[PDB]
file start.cif (mmCIF, C-alpha atoms)
data_run
#
loop_
_atom_site.label_atom_id
_atom_site.label_comp_id
_atom_site.auth_asym_id
_atom_site.auth_seq_id
_atom_site.Cartn_x
_atom_site.Cartn_y
_atom_site.Cartn_z
CA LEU A 1 11.54 7.70 -20.27
CA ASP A 2 7.76 8.10 -20.34
CA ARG A 3 4.94 5.68 -19.52
CA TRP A 4 7.03 3.23 -17.49
CA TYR A 5 3.83 1.79 -16.01
CA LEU A 6 2.94 -1.72 -17.18
CA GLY A 7 -0.11 -3.98 -16.91
CA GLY A 8 -2.10 -1.32 -18.76
CA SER A 9 -2.37 -3.45 -21.89
CA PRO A 10 -5.79 -5.21 -22.10
CA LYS A 11 -6.59 -8.05 -24.50
CA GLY A 12 -7.31 -5.41 -27.14
CA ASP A 13 -10.68 -7.03 -27.86
CA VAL A 14 -13.29 -5.16 -25.81
CA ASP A 15 -12.48 -2.34 -23.37
CA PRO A 16 -15.75 -1.03 -21.83
CA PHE A 17 -13.82 0.71 -19.04
CA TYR A 18 -16.12 3.64 -19.81
CA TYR A 19 -18.52 2.31 -17.19
CA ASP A 20 -15.75 2.27 -14.59
CA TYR A 21 -14.38 5.50 -16.06
CA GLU A 22 -17.27 7.50 -14.59
CA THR A 23 -16.17 6.49 -11.08
CA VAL A 24 -12.79 8.07 -11.87
CA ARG A 25 -14.35 11.24 -10.48
CA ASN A 26 -15.11 9.85 -7.01
CA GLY A 27 -12.64 6.98 -7.40
CA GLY A 28 -9.72 8.94 -5.96
CA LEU A 29 -11.61 9.94 -2.81
CA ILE A 30 -12.63 6.35 -2.02
CA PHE A 31 -9.13 5.02 -2.67
CA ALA A 32 -7.47 7.61 -0.42
CA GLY A 33 -9.69 6.73 2.55
CA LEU A 34 -8.72 3.07 2.19
CA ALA A 35 -5.09 4.13 1.95
CA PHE A 36 -5.18 5.90 5.33
CA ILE A 37 -6.75 2.91 7.11
CA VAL A 38 -3.90 0.67 5.95
CA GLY A 39 -1.37 3.11 7.43
CA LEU A 40 -2.97 2.80 10.87
CA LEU A 41 -2.36 -0.96 10.89
CA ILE A 42 1.34 -0.32 10.25
CA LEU A 43 1.67 1.60 13.52
CA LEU A 44 0.29 -1.40 15.42
CA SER A 45 3.11 -3.48 13.93
CA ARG A 46 5.58 -1.39 15.90
CA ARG A 47 3.61 -2.15 19.07
CA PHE A 48 4.60 -5.81 18.72
CA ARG A 49 8.20 -4.79 19.39
CA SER A 50 7.67 -1.63 21.44
CA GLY A 51 5.99 -2.14 24.81
CA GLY A 52 6.43 -2.25 28.58
CA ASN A 53 7.65 -5.85 28.48
CA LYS A 54 10.50 -5.55 25.98
CA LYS A 55 8.86 -7.38 23.08
CA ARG A 56 11.43 -6.17 20.56
CA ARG A 57 13.74 -9.01 21.59
CA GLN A 58 16.59 -7.22 19.82
CA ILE A 59 20.17 -6.69 20.98
CA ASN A 60 23.25 -5.39 19.17
CA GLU A 61 26.70 -6.71 20.09
CA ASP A 62 30.14 -6.15 18.58
CA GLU A 63 32.25 -9.14 17.55
CA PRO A 64 35.70 -9.53 19.22
#
call {"tool": "encode", "arguments": {"input": "start.cif", "output": "structure tokens"}}
result
Amino acid sequence: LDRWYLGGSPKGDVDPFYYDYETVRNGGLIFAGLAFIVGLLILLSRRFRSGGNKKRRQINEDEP
């Protein structure tokens, strides 16, 4: 019910994530900015179909 996230089990030998832990403060801000950029690219995907030259090449027909 809790902690359903996986891949959070290191080798159990050495875990010096403390160095990377400090970034955890500014880590969220950097990640979010990258997140937004990715979303922009998605909109362009629609452009491939949507346009002034019918690039969607999609038609729905009912069978007899």
call {"tool": "closest_atom_pairs", "arguments": {"input": "start.cif", "of": "region 1-32 of chain A", "to": "region 37-43 of chain A", "cutoff": "12 Å", "atoms": "all atoms listed in the file", "output": "CSV"}}
result
residue,atom,partner,partner_atom,distance
A:30,CA,A:37,CA,11.4
A:31,CA,A:37,CA,10.3
A:32,CA,A:37,CA,8.9
call {"tool": "residues_around", "arguments": {"input": "start.cif", "residues": "residue 56 (chain A)", "least_positions_apart": "6", "cutoff": "10 Å", "atoms": "all atoms listed in the file", "output": "PyMOL selection string"}}
result
chain A and resi 46-50
call {"tool": "atom_distance", "arguments": {"input": "start.cif", "atom1": "CA of residue 36 (chain A)", "atom2": "CA of residue 3 (chain A)"}}
result
26.8 Å
call {"tool": "atom_distance", "arguments": {"input": "start.cif", "atom1": "CA of residue 1 (chain A)", "atom2": "CA of residue 14 (chain A)"}}
result
28.5 Å
call {"tool": "atom_distance", "arguments": {"input": "start.cif", "atom1": "CA of residue 33 (chain A)", "atom2": "CA of residue 5 (chain A)"}}
result
23.5 Å
